[PDB]
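Engineer: Below: one structure in structure tokens.
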Amino acid sequence: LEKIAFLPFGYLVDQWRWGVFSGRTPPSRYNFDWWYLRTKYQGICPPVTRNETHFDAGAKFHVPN
Amino acid sequence: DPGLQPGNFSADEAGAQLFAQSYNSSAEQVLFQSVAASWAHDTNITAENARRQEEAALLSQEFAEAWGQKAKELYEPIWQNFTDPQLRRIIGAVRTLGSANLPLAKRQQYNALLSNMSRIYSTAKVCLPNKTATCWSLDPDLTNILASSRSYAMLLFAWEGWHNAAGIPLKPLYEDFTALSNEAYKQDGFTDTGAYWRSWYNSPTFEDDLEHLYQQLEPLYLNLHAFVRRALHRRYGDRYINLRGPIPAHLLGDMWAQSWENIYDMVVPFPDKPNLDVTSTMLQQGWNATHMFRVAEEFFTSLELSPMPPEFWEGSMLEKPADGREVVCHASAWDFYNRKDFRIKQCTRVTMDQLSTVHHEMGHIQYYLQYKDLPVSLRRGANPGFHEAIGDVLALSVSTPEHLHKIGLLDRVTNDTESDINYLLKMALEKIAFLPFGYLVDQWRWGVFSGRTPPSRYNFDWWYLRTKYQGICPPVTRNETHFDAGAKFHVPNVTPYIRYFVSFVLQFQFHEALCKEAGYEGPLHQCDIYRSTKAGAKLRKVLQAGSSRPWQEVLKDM
Amino acid sequence: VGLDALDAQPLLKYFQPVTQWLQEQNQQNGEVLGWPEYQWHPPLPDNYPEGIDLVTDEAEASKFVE
Ligand SMILES: *[C@@H]1O[C@H](CO)[C@@H](O[C@@H]2O[C@H](CO)[C@@H](O[C@@H]3O[C@H](CO)[C@@H](O)[C@H](O)[C@@H]3O)[C@H](O)[C@H]2NC(C)=O)[C@H](O)[C@H]1NC(C)=O
Ligand SMILES: *[C@@H]1O[C@H](CO)[C@@H](O[C@@H]2O[C@H](CO)[C@@H](O[C@@H]3O[C@H](CO)[C@@H](O)[C@H](O)[C@@H]3O)[C@H](O)[C@H]2NC(C)=O)[C@H](O)[C@H]1NC(C)=O
Ligand SMILES: *[C@@H]1O[C@H](CO)[C@@H](O[C@@H]2O[C@H](CO)[C@@H](O)[C@H](O)[C@H]2NC(C)=O)[C@H](O)[C@H]1NC(C)=O
Ligand SMILES: *[C@@H]1O[C@H](CO)[C@@H](O[C@@H]2O[C@H](CO)[C@@H](O)[C@H](O)[C@H]2NC(C)=O)[C@H](O)[C@H]1NC(C)=O
Ligand SMILES: *[C@@H]1O[C@H](CO)[C@@H](O[C@@H]2O[C@H](CO)[C@@H](O)[C@H](O)[C@H]2NC(C)=O)[C@H](O)[C@H]1NC(C)=O
Ligand SMILES: *[C@@H]1O[C@H](CO)[C@@H](O[C@@H]2O[C@H](CO)[C@@H](O)[C@H](O)[C@H]2NC(C)=O)[C@H](O)[C@H]1NC(C)=O
Ligand SMILES: *[C@@H]1O[C@H](CO)[C@@H](O)[C@H](O)[C@H]1NC(C)=O
């Protein structure tokens with residue numbers, strides 16, 4: 001529960017960042033692609049309704065820094 | 001059959017040429033019988049010509065697999081090394097067995113599964129809760145109900161019922177079919193079936209080029225989507241349509257939201273002036289039900305094109321079926337082949353849509369006519385989208401009001417900016433709203449084949465792609481029990497769908513190139529190619545080579 | 001290690017008994033692996049924005065009742 005629970009997040013975060021850098025994710029599918037990856041790999045659904053005003057990838061420390 | 005049994009050929013270049021000539025000498029007859037039995041299937045005119053098609057299809061399959069087995073067992077280094085295009089094309093075409101690489105039991109299961117999927121798609125019905133003696137089918141009940149009824153509840157009921165009925169019983173069959181096809185085409189040599197489908201286009205960077213192409217076309221679809229969403233919000237209110245989010249994928253046009261033509265009723269830019277949709281002028285001029293094909297032929301002849309052989313006017317029916325349970329209506333033009341002749345088989349009406357379709361199919365016949373000198377394997381025209389692009393550029397040139405006025409169907413040209421905007425938006429509700437589709441469908445199918453979409457992520461990836469590219473939300477909450485990709489006709493019946501996207505992109509490029517060549521440097525709406533022999537010569541020159549050279553070279557030429 | 005690229009085999013061999021126990025427990029409980037109904041979203045709590053400071057702990061409830 002410490003490590004197996006982490007593996008999808010490690011597979012997920014840099015995949016999203018690769019998509020953003022490669023241009024497949026314009027600055028209008030940031031949250032959409034992020035939460036698609038979160039639901040696809042980690043089985044995690046957002047508690048509140050998140051839309052494109054939000055940037056729920058900068059919450060992680062490694063994205064801004 | 002001794003004719004169906006390959007002879008002897010060497011690894012020498014003369015041996016490869018002998019193989020090519022023998023393939024001509026056999027496949028010509030084989031395709032003759034196949035296409036004759038194919039014509040025999042006019043919605044079971046005699047109910048036995050259908051099984052004649054089935055037997056001739058088997059007859060062709062056995063010959064094709066025998067020739068391909070011979071080529072595989074004899075012509076590996078020739079495929080690997082030889083450099084001129086025609087022989088490489090012939091050898092690559094004969095090398096691919098397709099589904100002929102599986103064992104007997106597996107191949108029989110594959111064919112049974114294909115027929116299973118096609119049948120379960122065809123006889124899928126929607127029944128009302130009261131279980132009335134009648135139940136809706138996709139054609140002509142469900143499509144008419146979805147394209148006519150402006151009731152949210154009825155539209156949603158029809159959409160959800162059809163999607164459930166045609167998708168839920170189609171999941172395990174599609175999973176097994178994907179496994180079988182992947183095995184067969186991995187034995188063929190490609191990494192997957194999707195790689196095989198992309199290999200027709202001969203481009204290592206096909207996916208990247210397609211993504212860049214769609215990124216270029218994004219703002220047009222964005223503006224059109226916003227405009228149609230505003231109109232739908234005004235019509236259906238605010239509770240059911242969000243002015244920021246997507247629009248439900250039943251409130252517009254067809255069942256799959258590919259074309260938005262039926263929305264044009266409530267989204268017209270300028271309704272004060274009548275649109276140019278007239279049929280009384282055609283009847284007042286006393287046109288035949290067949291003289292539309294003749295005026296299309298004379299239009300082709302004007303710019304020295306399509307020397308139509310007389311056998312069409314004696315062996316090709318261009319009319320509705322007067323007698324016999326022939327075809328109701330389709331959009332195909334089966335060729336007599338023979339190395340001699342072809343045929344048109346369509347429906348005739350009085351509307352302008354029928355005339356445009358007639359011009360499109362005459363353009364297809366023109367495409368068939370030009371590459372006859374090429375070998376049997378070089379019959380397909382380069383890029384699989386070239387056929388539709390060439391047959392649709394002429395229709396684009398024809399549907400213009402200036403064409404109709406200069407050919408007598410219209411009294412005078414209607415030179416108004418409001419009319420031009422009306423016609424442009426009318427034609428932009430099917431030639432733009434479909435652009436995210438096709439790309440979407442084939443991206444989903446590539447993902448499913450390649451393994452990035454396991455059988456537990458069909459609907460998830462499908463609806464992610466639908467909301468991402470097209471941008472339409474499901475009105476009813478779906479899940480992994482449903483199979484919403486199977487509601488489309490082209491998913492159970494295995495047929496690539498990116499050809500339509502590529503052809504829609506290519507026809508405007510051809511139109512612009514011809515217009516610039518024709519010497520009319522103005523707006524691209526009223527740009528008919530009538531009475532321009534140089535444009536006809538250029539189109540003939542491009543049309544001469546069918547798959548003889550890679551499509552990129554032909555595009556650079558044009 | 002003796003292998004060129006990465007492998008999940010040592011990790012799988014590492015978590016073998018816990019994986020077996022998890023599989024048997026899931027089979028016993030009658031659960032479904034994975035997450036169908038992917039577009040499921042939990043509802044907002046009743047009076048969410050100003051109803052956060054309410055204790056809902058089972059041990060606290062039992063202690064208070066006793
Ligand atoms: C592909 O296969 C077909 C069928 O075998 C070949 O078509 C045949 O080609 C020959 C010449 O190689 C044609 O004969 C010629 O026809 C006219 C008659 O006016 C004339 O040019 C010559 O006097 C000669 O007789 C023949 O008509 C034609 N069709 C049939 C049914 O046999 C074709 O050549 C093959 N293509 C290649 C590239 O090998
Ligand atoms: C998909 O294709 C398969 C064949 O690969 C179809 O299997 C069919 O299964 C039915 C029963 O489910 C068979 O009907 C037979 O009828 C009599 C009843 O006395 C008897 O011969 C057998 O016990 C059997 O029940 C049928 O023969 C069999 N094959 C075919 C070609 O229909 C399957 O039905 C197809 N899928 C769907 C959804 O229809
Ligand atoms: C196509 O049109 C021609 C006339 O352009 C048809 O000839 C028919 O003959 C009469 C003679 O008076 C003409 O006036 C009519 O217009 C024609 N009758 C029709 C169209 O019913 C010719 O038969 C037509 N070709 C067909 C039907 O294959
Ligand atoms: C339909 O109207 C447009 C204007 O909306 C015409 O545009 C012509 O443009 C050329 C240059 O490209 C000018 O020389 C003409 O004077 C314009 N004509 C006008 C303003 O009447 C367009 O050509 C018209 N179409 C046809 C077939 O005449
Ligand atoms: C996916 O959603 C559908 C639609 O709500 C569910 O299908 C219903 O399931 C319930 C509970 O088993 C049945 O009582 C209904 O008859 C079903 N309705 C239809 C139209 O099929 C389905 O159970 C959901 N699947 C999963 C895995 O959660
Ligand atoms: C939840 O309710 C159950 C009964 O449905 C409680 O079980 C018993 O609760 C009583 C007090 O009501 C205790 O004295 C017993 O010891 C409990 N039984 C057992 C077998 O432990 C249970 O304590 C309640 N739990 C919570 C967390 O509130
Ligand atoms: C040529 O191949 C054929 C295949 O049908 C075979 O029957 C024949 O014996 C072979 N001839 C020679 C000389 O190898």
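Chain lettering (A, B, ...) mirrors the order of the structure tokens, residue numbering begins at 1 for each chain separately, and ligand numbering begins at 1 in order of display.
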Quick one: residues within 9 Å of ligand 2, with only C-alpha atoms and all ligand atoms, as number ranges by chain?
Structural biologist: B: 108-117, 119-120, 169-170, 173
Engineer: Would you mind exporting N, CA and C atoms of the selected residues as a PDB file, in the first residue's frame?
Structural biologist:
ATOM      1  N   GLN B 108     -11.817 -20.047 -40.130  1.00  0.00           N
ATOM      2  CA  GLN B 108     -13.260 -20.257 -40.144  1.00  0.00           C
ATOM      3  C   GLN B 108     -13.935 -19.475 -39.024  1.00  0.00           C
ATOM      4  N   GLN B 109     -13.338 -19.481 -37.829  1.00  0.00           N
ATOM      5  CA  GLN B 109     -13.888 -18.695 -36.730  1.00  0.00           C
ATOM      6  C   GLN B 109     -13.853 -17.206 -37.047  1.00  0.00           C
ATOM      7  N   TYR B 110     -12.781 -16.743 -37.692  1.00  0.00           N
ATOM      8  CA  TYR B 110     -12.672 -15.331 -38.046  1.00  0.00           C
ATOM      9  C   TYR B 110     -13.767 -14.922 -39.021  1.00  0.00           C
ATOM     10  N   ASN B 111     -13.995 -15.739 -40.052  1.00  0.00           N
ATOM     11  CA  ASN B 111     -15.047 -15.432 -41.018  1.00  0.00           C
ATOM     12  C   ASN B 111     -16.423 -15.479 -40.365  1.00  0.00           C
ATOM     13  N   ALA B 112     -16.653 -16.474 -39.504  1.00  0.00           N
ATOM     14  CA  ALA B 112     -17.926 -16.563 -38.801  1.00  0.00           C
ATOM     15  C   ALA B 112     -18.139 -15.356 -37.903  1.00  0.00           C
ATOM     16  N   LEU B 113     -17.077 -14.882 -37.253  1.00  0.00           N
ATOM     17  CA  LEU B 113     -17.174 -13.706 -36.396  1.00  0.00           C
ATOM     18  C   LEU B 113     -17.465 -12.450 -37.204  1.00  0.00           C
ATOM     19  N   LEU B 114     -16.830 -12.309 -38.368  1.00  0.00           N
ATOM     20  CA  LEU B 114     -17.102 -11.160 -39.225  1.00  0.00           C
ATOM     21  C   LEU B 114     -18.562 -11.143 -39.664  1.00  0.00           C
ATOM     22  N   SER B 115     -19.069 -12.294 -40.114  1.00  0.00           N
ATOM     23  CA  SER B 115     -20.472 -12.375 -40.510  1.00  0.00           C
ATOM     24  C   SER B 115     -21.391 -12.137 -39.319  1.00  0.00           C
ATOM     25  N   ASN B 116     -21.008 -12.647 -38.147  1.00  0.00           N
ATOM     26  CA  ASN B 116     -21.759 -12.408 -36.922  1.00  0.00           C
ATOM     27  C   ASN B 116     -21.896 -10.920 -36.651  1.00  0.00           C
ATOM     28  N   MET B 117     -20.778 -10.194 -36.712  1.00  0.00           N
ATOM     29  CA  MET B 117     -20.796  -8.770 -36.405  1.00  0.00           C
ATOM     30  C   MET B 117     -21.641  -8.005 -37.415  1.00  0.00           C
ATOM     31  N   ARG B 119     -24.114  -9.125 -39.294  1.00  0.00           N
ATOM     32  CA  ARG B 119     -25.524  -9.455 -39.121  1.00  0.00           C
ATOM     33  C   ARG B 119     -26.102  -8.785 -37.881  1.00  0.00           C
ATOM     34  N   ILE B 120     -25.416  -8.903 -36.739  1.00  0.00           N
ATOM     35  CA  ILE B 120     -25.950  -8.342 -35.503  1.00  0.00           C
ATOM     36  C   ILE B 120     -26.032  -6.826 -35.589  1.00  0.00           C
ATOM     37  N   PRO B 169     -24.640  -6.221 -27.496  1.00  0.00           N
ATOM     38  CA  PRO B 169     -24.335  -7.567 -27.998  1.00  0.00           C
ATOM     39  C   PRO B 169     -23.167  -7.636 -28.969  1.00  0.00           C
ATOM     40  N   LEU B 170     -22.344  -6.591 -29.063  1.00  0.00           N
ATOM     41  CA  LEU B 170     -21.271  -6.531 -30.046  1.00  0.00           C
ATOM     42  C   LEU B 170     -19.884  -6.493 -29.418  1.00  0.00           C
ATOM     43  N   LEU B 173     -17.659 -10.226 -29.479  1.00  0.00           N
ATOM     44  CA  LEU B 173     -17.311 -10.501 -30.865  1.00  0.00           C
ATOM     45  C   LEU B 173     -16.195  -9.581 -31.334  1.00  0.00           C
TER      46      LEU B 173
END
Engineer: Quick one: everything within 10 Å of residue 20 (chain A), counting only C-alpha atoms, minus sequence neighbours fewer than 6 positions away in the same chain. Send it as an MDAnalysis selection string.
Structural biologist: chainID A and resid 14 26:27 29:30 33:34
Engineer: Would you put the residues from that selection into a file with C-alpha atoms, as an mmCIF file, in the first residue's frame?
Structural biologist:
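Output contents, as saved in result18.cif:
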data_model
loop_
_atom_site.group_PDB
_atom_site.id
_atom_site.type_symbol
_atom_site.label_atom_id
_atom_site.label_comp_id
_atom_site.auth_asym_id
_atom_site.auth_seq_id
_atom_site.Cartn_x
_atom_site.Cartn_y
_atom_site.Cartn_z
ATOM 1 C CA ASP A 14 5.516 12.558 -16.448
ATOM 2 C CA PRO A 26 -2.732 22.827 -25.705
ATOM 3 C CA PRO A 27 -3.395 25.280 -22.837
ATOM 4 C CA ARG A 29 -6.815 20.592 -22.178
ATOM 5 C CA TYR A 30 -4.526 20.856 -19.143
ATOM 6 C CA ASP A 33 -5.935 15.504 -19.931
ATOM 7 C CA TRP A 34 -4.695 15.491 -16.330
#
Engineer: Excluding residue 38 (chain C) and its own-chain neighbours fewer than 6 positions away, which residues fall within 12 Å of it when counting only C-alpha atoms? Please give them as a PyMOL selection string.
Structural biologist: (chain A and resi 35-46) or (chain B and resi 456-461+463-464+477-482)
Engineer: Could you list, as a VMD selection string, all residues that come within 10 Å of ligand 1? Count only C-alpha atoms and all ligand atoms.
Structural biologist: chain B and resid 17 to 18 20 to 29 86 338 to 340 372 to 378
Engineer: Generate a file of the selected residues that holds N, CA and C atoms, formatted as a PDB file, in the first residue's frame.
Structural biologist:
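The resulting out-v9.pdb:
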ATOM      1  N   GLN B  17       8.690 -10.449 -63.605  1.00  0.00           N
ATOM      2  CA  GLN B  17       7.821  -9.932 -64.657  1.00  0.00           C
ATOM      3  C   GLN B  17       6.843 -10.998 -65.137  1.00  0.00           C
ATOM      4  N   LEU B  18       7.310 -12.242 -65.262  1.00  0.00           N
ATOM      5  CA  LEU B  18       6.419 -13.333 -65.640  1.00  0.00           C
ATOM      6  C   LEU B  18       5.341 -13.542 -64.586  1.00  0.00           C
ATOM      7  N   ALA B  20       4.130 -11.182 -62.666  1.00  0.00           N
ATOM      8  CA  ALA B  20       3.199 -10.064 -62.807  1.00  0.00           C
ATOM      9  C   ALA B  20       2.241 -10.285 -63.972  1.00  0.00           C
ATOM     10  N   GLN B  21       2.768 -10.735 -65.114  1.00  0.00           N
ATOM     11  CA  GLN B  21       1.912 -10.997 -66.270  1.00  0.00           C
ATOM     12  C   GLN B  21       0.937 -12.142 -66.006  1.00  0.00           C
ATOM     13  N   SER B  22       1.385 -13.200 -65.327  1.00  0.00           N
ATOM     14  CA  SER B  22       0.480 -14.304 -65.012  1.00  0.00           C
ATOM     15  C   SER B  22      -0.600 -13.864 -64.030  1.00  0.00           C
ATOM     16  N   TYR B  23      -0.233 -13.024 -63.059  1.00  0.00           N
ATOM     17  CA  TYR B  23      -1.230 -12.461 -62.157  1.00  0.00           C
ATOM     18  C   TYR B  23      -2.246 -11.636 -62.928  1.00  0.00           C
ATOM     19  N   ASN B  24      -1.790 -10.847 -63.903  1.00  0.00           N
ATOM     20  CA  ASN B  24      -2.749 -10.168 -64.770  1.00  0.00           C
ATOM     21  C   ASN B  24      -3.677 -11.171 -65.443  1.00  0.00           C
ATOM     22  N   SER B  25      -3.094 -12.169 -66.116  1.00  0.00           N
ATOM     23  CA  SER B  25      -3.852 -13.097 -66.946  1.00  0.00           C
ATOM     24  C   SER B  25      -4.840 -13.936 -66.150  1.00  0.00           C
ATOM     25  N   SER B  26      -4.629 -14.095 -64.847  1.00  0.00           N
ATOM     26  CA  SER B  26      -5.561 -14.844 -64.012  1.00  0.00           C
ATOM     27  C   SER B  26      -6.508 -13.948 -63.228  1.00  0.00           C
ATOM     28  N   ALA B  27      -5.972 -12.933 -62.550  1.00  0.00           N
ATOM     29  CA  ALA B  27      -6.791 -12.063 -61.723  1.00  0.00           C
ATOM     30  C   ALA B  27      -7.772 -11.247 -62.549  1.00  0.00           C
ATOM     31  N   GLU B  28      -7.483 -10.989 -63.830  1.00  0.00           N
ATOM     32  CA  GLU B  28      -8.477 -10.305 -64.652  1.00  0.00           C
ATOM     33  C   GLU B  28      -9.774 -11.103 -64.706  1.00  0.00           C
ATOM     34  N   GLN B  29      -9.679 -12.387 -65.057  1.00  0.00           N
ATOM     35  CA  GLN B  29     -10.862 -13.243 -65.081  1.00  0.00           C
ATOM     36  C   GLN B  29     -11.459 -13.404 -63.690  1.00  0.00           C
ATOM     37  N   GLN B  86       6.567  -0.016 -60.020  1.00  0.00           N
ATOM     38  CA  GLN B  86       5.451  -0.880 -60.396  1.00  0.00           C
ATOM     39  C   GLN B  86       5.632  -2.298 -59.859  1.00  0.00           C
ATOM     40  N   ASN B 338     -13.731  -6.159 -67.379  1.00  0.00           N
ATOM     41  CA  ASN B 338     -13.534  -6.672 -68.737  1.00  0.00           C
ATOM     42  C   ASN B 338     -12.216  -6.223 -69.353  1.00  0.00           C
ATOM     43  N   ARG B 339     -11.464  -5.361 -68.666  1.00  0.00           N
ATOM     44  CA  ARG B 339     -10.455  -4.502 -69.276  1.00  0.00           C
ATOM     45  C   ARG B 339     -11.110  -3.578 -70.301  1.00  0.00           C
ATOM     46  N   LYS B 340     -12.444  -3.521 -70.343  1.00  0.00           N
ATOM     47  CA  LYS B 340     -13.175  -2.792 -71.372  1.00  0.00           C
ATOM     48  C   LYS B 340     -14.093  -1.710 -70.824  1.00  0.00           C
ATOM     49  N   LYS B 372      -6.821   2.404 -66.890  1.00  0.00           N
ATOM     50  CA  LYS B 372      -7.048   1.057 -67.403  1.00  0.00           C
ATOM     51  C   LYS B 372      -5.761   0.412 -67.900  1.00  0.00           C
ATOM     52  N   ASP B 373      -4.843   1.208 -68.450  1.00  0.00           N
ATOM     53  CA  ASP B 373      -3.613   0.660 -69.008  1.00  0.00           C
ATOM     54  C   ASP B 373      -2.704   0.056 -67.946  1.00  0.00           C
ATOM     55  N   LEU B 374      -2.911   0.395 -66.680  1.00  0.00           N
ATOM     56  CA  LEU B 374      -2.077  -0.108 -65.604  1.00  0.00           C
ATOM     57  C   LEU B 374      -2.444  -1.550 -65.261  1.00  0.00           C
ATOM     58  N   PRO B 375      -1.529  -2.290 -64.632  1.00  0.00           N
ATOM     59  CA  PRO B 375      -1.821  -3.679 -64.258  1.00  0.00           C
ATOM     60  C   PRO B 375      -2.981  -3.776 -63.276  1.00  0.00           C
ATOM     61  N   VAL B 376      -3.356  -5.022 -62.975  1.00  0.00           N
ATOM     62  CA  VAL B 376      -4.524  -5.272 -62.131  1.00  0.00           C
ATOM     63  C   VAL B 376      -4.308  -4.708 -60.732  1.00  0.00           C
ATOM     64  N   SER B 377      -3.129  -4.954 -60.155  1.00  0.00           N
ATOM     65  CA  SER B 377      -2.859  -4.484 -58.802  1.00  0.00           C
ATOM     66  C   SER B 377      -2.793  -2.967 -58.716  1.00  0.00           C
ATOM     67  N   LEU B 378      -2.459  -2.289 -59.809  1.00  0.00           N
ATOM     68  CA  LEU B 378      -2.455  -0.829 -59.835  1.00  0.00           C
ATOM     69  C   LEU B 378      -3.795  -0.280 -60.315  1.00  0.00           C
TER      70      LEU B 378
END
Engineer: Rounded to one decimal, what separation in Å do you get between CA of residue 296 (chain B) and CA of residue 359 (chain B)?
Structural biologist: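 If I compute the distance from CA of residue 296 (chain B) to CA of residue 359 (chain B), I get 6.0 Å.
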Engineer: Show me, as a PDB file with C-alpha atoms, in the first residue's frame, the residues of chain C whose atoms get within 12 Å of chain A, using only C-alpha atoms for the distance check.
Structural biologist:
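Final output, saved to result_0.pdb:
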ATOM      1  CA  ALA C   8       8.676  -6.390 -12.949  1.00  0.00           C
ATOM      2  CA  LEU C  11       8.660  -6.971  -7.659  1.00  0.00           C
ATOM      3  CA  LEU C  12       6.011  -9.600  -8.419  1.00  0.00           C
ATOM      4  CA  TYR C  14       8.460  -9.884  -3.727  1.00  0.00           C
ATOM      5  CA  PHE C  15       4.736  -9.249  -3.136  1.00  0.00           C
ATOM      6  CA  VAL C  18       0.172 -10.396  -0.117  1.00  0.00           C
ATOM      7  CA  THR C  19      -0.985 -10.604  -3.741  1.00  0.00           C
ATOM      8  CA  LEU C  22      -5.601  -9.974  -1.773  1.00  0.00           C
ATOM      9  CA  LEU C  33     -11.621  -5.514 -10.312  1.00  0.00           C
ATOM     10  CA  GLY C  34     -11.141  -2.184 -12.026  1.00  0.00           C
ATOM     11  CA  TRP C  35     -13.570   0.722 -12.155  1.00  0.00           C
ATOM     12  CA  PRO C  36     -16.510   0.512 -14.531  1.00  0.00           C
ATOM     13  CA  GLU C  37     -18.874   3.477 -14.343  1.00  0.00           C
ATOM     14  CA  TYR C  38     -15.836   5.664 -14.980  1.00  0.00           C
ATOM     15  CA  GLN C  39     -17.907   8.860 -15.185  1.00  0.00           C
ATOM     16  CA  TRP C  40     -19.092   8.626 -11.584  1.00  0.00           C
ATOM     17  CA  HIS C  41     -18.706  11.633  -9.298  1.00  0.00           C
ATOM     18  CA  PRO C  42     -19.524  11.750  -5.574  1.00  0.00           C
ATOM     19  CA  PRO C  43     -22.152  14.287  -4.498  1.00  0.00           C
ATOM     20  CA  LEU C  44     -21.265  17.357  -2.497  1.00  0.00           C
ATOM     21  CA  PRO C  45     -21.809  16.956   1.263  1.00  0.00           C
ATOM     22  CA  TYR C  48     -20.700  21.753   2.271  1.00  0.00           C
ATOM     23  CA  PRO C  49     -19.073  25.225   2.403  1.00  0.00           C
TER      24      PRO C  49
END
Engineer: As a list in words, please: every residue in region 23-59 of chain C that a backbone DSSP assignment puts in alpha helix (DSSP H).
Structural biologist: residues 23, 24, 25, 26, 27, 28, 29, 58 and 59 of chain C
Engineer: Could you take the residues named above and write them with N, CA, C and O atoms, as a compact mmCIF listing (two decimals), in the first residue's frame?
Structural biologist:
# COMPACT_ATOMS: atom_id res chain seq x y z
N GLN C 23 -5.99 -11.47 -3.66
CA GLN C 23 -6.82 -12.14 -4.66
C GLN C 23 -7.89 -13.00 -3.99
O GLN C 23 -9.06 -12.95 -4.37
N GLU C 24 -7.50 -13.79 -2.99
CA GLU C 24 -8.47 -14.66 -2.33
C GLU C 24 -9.52 -13.84 -1.59
O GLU C 24 -10.71 -14.19 -1.60
N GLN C 25 -9.12 -12.74 -0.95
CA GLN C 25 -10.08 -11.89 -0.25
C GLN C 25 -11.05 -11.23 -1.22
O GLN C 25 -12.25 -11.13 -0.94
N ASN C 26 -10.55 -10.76 -2.37
CA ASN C 26 -11.42 -10.15 -3.36
C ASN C 26 -12.39 -11.17 -3.93
O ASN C 26 -13.57 -10.85 -4.16
N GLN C 27 -11.93 -12.40 -4.18
CA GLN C 27 -12.83 -13.44 -4.66
C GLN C 27 -13.90 -13.76 -3.62
O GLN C 27 -15.07 -13.94 -3.97
N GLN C 28 -13.52 -13.82 -2.35
CA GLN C 28 -14.49 -14.09 -1.29
C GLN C 28 -15.52 -12.98 -1.19
O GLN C 28 -16.72 -13.24 -1.06
N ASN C 29 -15.08 -11.72 -1.26
CA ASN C 29 -15.97 -10.59 -1.05
C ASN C 29 -16.89 -10.32 -2.23
O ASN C 29 -17.80 -9.50 -2.11
N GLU C 58 -16.10 7.40 14.36
CA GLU C 58 -16.81 6.31 15.03
C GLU C 58 -16.34 6.13 16.47
O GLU C 58 -17.16 5.94 17.38
N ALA C 59 -15.03 6.16 16.69
CA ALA C 59 -14.51 6.00 18.05
C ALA C 59 -14.97 7.13 18.95
O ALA C 59 -15.34 6.91 20.11
Engineer: Counting only C-alpha atoms and all ligand atoms, which protein, DNA or RNA residues come within 6 Å of ligand 4, given as a list in words?
Structural biologist: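 The residues within 6 Å of ligand 4, counting only C-alpha atoms and all ligand atoms, are residues 402, 415, 416, 417, 522 and 526 of chain B.
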Engineer: Pull the closest atom pair for each residue of chain C that gets at most 10 Å from ligand 6, along with the distance in Å to one decimal, counting only C-alpha atoms and all ligand atoms, ordering rows by chain and then ascending residue number, as JSON lines.
Structural biologist:
{"residue": "C:57", "atom": "CA", "partner": "ligand 6", "partner_atom_place_in_ligand_line": "27 (C)", "distance": 8.2}
{"residue": "C:58", "atom": "CA", "partner": "ligand 6", "partner_atom_place_in_ligand_line": "27 (C)", "distance": 4.4}
{"residue": "C:59", "atom": "CA", "partner": "ligand 6", "partner_atom_place_in_ligand_line": "27 (C)", "distance": 6.1}
{"residue": "C:60", "atom": "CA", "partner": "ligand 6", "partner_atom_place_in_ligand_line": "27 (C)", "distance": 8.7}
{"residue": "C:61", "atom": "CA", "partner": "ligand 6", "partner_atom_place_in_ligand_line": "28 (O)", "distance": 6.4}
{"residue": "C:62", "atom": "CA", "partner": "ligand 6", "partner_atom_place_in_ligand_line": "28 (O)", "distance": 5.6}
{"residue": "C:63", "atom": "CA", "partner": "ligand 6", "partner_atom_place_in_ligand_line": "28 (O)", "distance": 9.3}
{"residue": "C:65", "atom": "CA", "partner": "ligand 6", "partner_atom_place_in_ligand_line": "11 (C)", "distance": 8.4}
{"residue": "C:66", "atom": "CA", "partner": "ligand 6", "partner_atom_place_in_ligand_line": "11 (C)", "distance": 8.3}
Engineer: At a cut-off of 12 Å, can you tabulate as a Markdown table every residue of chain B near ligand 3 together with its closest atom pair and the distance in Å to one decimal, using only C-alpha atoms and all ligand atoms and ordering rows by chain then number?
Structural biologist:
| residue | atom | partner | partner_atom_place_in_ligand_line | distance |
| --- | --- | --- | --- | --- |
| B:283 | CA | ligand 3 | 16 (O) | 11.0 |
| B:284 | CA | ligand 3 | 16 (O) | 11.6 |
| B:285 | CA | ligand 3 | 16 (O) | 9.9 |
| B:286 | CA | ligand 3 | 16 (O) | 6.6 |
| B:287 | CA | ligand 3 | 2 (O) | 6.9 |
| B:288 | CA | ligand 3 | 20 (C) | 4.7 |
| B:289 | CA | ligand 3 | 27 (C) | 6.8 |
| B:290 | CA | ligand 3 | 28 (O) | 5.9 |
| B:291 | CA | ligand 3 | 1 (C) | 5.5 |
| B:292 | CA | ligand 3 | 1 (C) | 9.2 |
| B:293 | CA | ligand 3 | 1 (C) | 10.1 |
| B:294 | CA | ligand 3 | 1 (C) | 8.6 |
| B:295 | CA | ligand 3 | 1 (C) | 10.6 |
| B:312 | CA | ligand 3 | 28 (O) | 11.3 |
| B:313 | CA | ligand 3 | 28 (O) | 7.9 |
| B:314 | CA | ligand 3 | 28 (O) | 9.5 |
| B:315 | CA | ligand 3 | 28 (O) | 12.0 |
| B:316 | CA | ligand 3 | 28 (O) | 11.1 |
| B:317 | CA | ligand 3 | 28 (O) | 9.6 |
| B:318 | CA | ligand 3 | 28 (O) | 8.9 |
| B:319 | CA | ligand 3 | 27 (C) | 9.4 |
